[PDB]
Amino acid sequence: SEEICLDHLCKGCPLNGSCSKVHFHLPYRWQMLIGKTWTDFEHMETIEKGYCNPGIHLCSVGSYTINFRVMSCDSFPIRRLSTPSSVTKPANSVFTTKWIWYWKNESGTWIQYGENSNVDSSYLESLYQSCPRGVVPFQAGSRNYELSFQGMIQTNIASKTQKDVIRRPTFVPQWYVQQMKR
């Protein structure tokens, strides 16, 4: 499994070293692939802070230049392990990952769904979890759209205009993860 263990972050994982899940001190783990071994980056929090900004697809960390779109760096491929999505666990599970869904508007900027769309980030995330190849119809004002997960785009069904859609976590710094563990 590539899923960061929630129990290890909170009160503790009873499975100890035999847990099938990943045990890490953060709810995210950023890694590069060198040979046949995934290797931890050094400045995970800086990378995560860049990832969680939807208007940022480039992140220079160390000598590395990271491209989030492609999930590679220099030439090497990267990945972000994660706790489960927050819609998959009760609200008590404070270490779940909260995924925000955004669309890019006329004026070039990223607007959160719900901020007006009749779908919000929890809606879309829930559908995306229960069906990642889905197409979500929705309405905004008097206009009607379809959001294609597998394409990560929204299309106005009348004019067929397309707009990008992006899914990124909310950021938590390590100091706040430590506060949550108190």
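Quick note: we count residues from 1 along the sequence shown, nothing fancier.
According to the entry, the deposited sequence has no residues without coordinates between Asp40 and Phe41, so the chain runs continuously there. The PDB entry records a higher mean C-alpha B factor for 21-29 than for its counterpart among 169-177 and 21-29. When the C-alpha B-factors of 74-82 and 99-107 are averaged, 74-82 comes out higher. The PDB entry assigns its highest CA temperature factor, among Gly62, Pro54, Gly134, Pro137, to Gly62. In the deposited entry, the Cα temperature factor of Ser122 sits in the bottom third of values across the chain's modelled residues.
The entry lists a Cα temperature factor for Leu15 that places it in the highest third of the chain's modelled residues.
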